[PDB]
Amino acid sequence: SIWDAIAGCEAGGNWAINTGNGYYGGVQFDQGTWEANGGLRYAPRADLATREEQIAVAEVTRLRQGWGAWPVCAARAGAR
């Protein structure tokens with residue numbers, strides 16, 4: 001559950017957060033990155049997808065992009 005720690009850091013654990021800052025949901029995806037990593041299969045934006053679906057897209061993103069996708073929070077979670 002490394003993603004729960006990242007989501008604590010990115011979003012205070014609110015997987016449905018949508019504050020209008022350019023980023024969405026528990027791990028603060030921008031829209032380009034949600035769609036490029038297959039997110040539209042699940043929901044129109046990351047905050048409209050479930051925690052499990054957001055993690056699924058985040059696993060694809062990490063494999064494609066690395067942890068550099070979450071510049072501080074991945075470190076705070078112990079990440080590779």
# chains A, B, ... in the order shown; residues from 1 in each chain; ligands from 1
$ residues_around --residues "residue 31 (chain A)" --least-positions-apart "3" --cutoff "10 Å" --atoms "only C-alpha atoms" --output "ChimeraX atom specification"
/A:22-24,28,34-36,39-40,44-46
$ closest_atom_pairs --of "region 15-69 of chain A" --to "region 1-9 of chain A" --cutoff "10 Å" --atoms "only C-alpha atoms" --output "JSON lines"
{"residue": "A:15", "atom": "CA", "partner": "A:7", "partner_atom": "CA", "distance": 7.3}
{"residue": "A:25", "atom": "CA", "partner": "A:7", "partner_atom": "CA", "distance": 8.5}
{"residue": "A:26", "atom": "CA", "partner": "A:7", "partner_atom": "CA", "distance": 4.8}
{"residue": "A:27", "atom": "CA", "partner": "A:7", "partner_atom": "CA", "distance": 5.0}
{"residue": "A:28", "atom": "CA", "partner": "A:7", "partner_atom": "CA", "distance": 8.1}
{"residue": "A:51", "atom": "CA", "partner": "A:4", "partner_atom": "CA", "distance": 9.1}
{"residue": "A:52", "atom": "CA", "partner": "A:3", "partner_atom": "CA", "distance": 9.9}
{"residue": "A:54", "atom": "CA", "partner": "A:3", "partner_atom": "CA", "distance": 9.4}
{"residue": "A:55", "atom": "CA", "partner": "A:3", "partner_atom": "CA", "distance": 6.8}
{"residue": "A:58", "atom": "CA", "partner": "A:3", "partner_atom": "CA", "distance": 8.4}
{"residue": "A:59", "atom": "CA", "partner": "A:3", "partner_atom": "CA", "distance": 9.3}
$ residues_around --residues "residue 56 (chain A)" --least-positions-apart "5" --cutoff "10 Å" --atoms "only C-alpha atoms" --output "number ranges by chain"
A: 37-39, 42, 50-51, 61
$ atom_distance --atom1 "CA of residue 47 (chain A)" --atom2 "CA of residue 16 (chain A)"
4.3 Å
$ select_by_dssp --residues "chain A" --states "alpha helix (DSSP H)" --output "JSON, numbers by chain"
{"A": [2, 3, 4, 5, 6, 7, 8, 9, 10, 11, 31, 32, 33, 34, 35, 36, 51, 52, 53, 54, 55, 56, 57, 58, 59, 60, 61, 62, 63, 64, 65, 73, 74, 75, 76]}
$ atom_distance --atom1 "CA of residue 62 (chain A)" --atom2 "CA of residue 43 (chain A)"
19.1 Å
$ atom_distance --atom1 "CA of residue 32 (chain A)" --atom2 "CA of residue 73 (chain A)"
19.5 Å
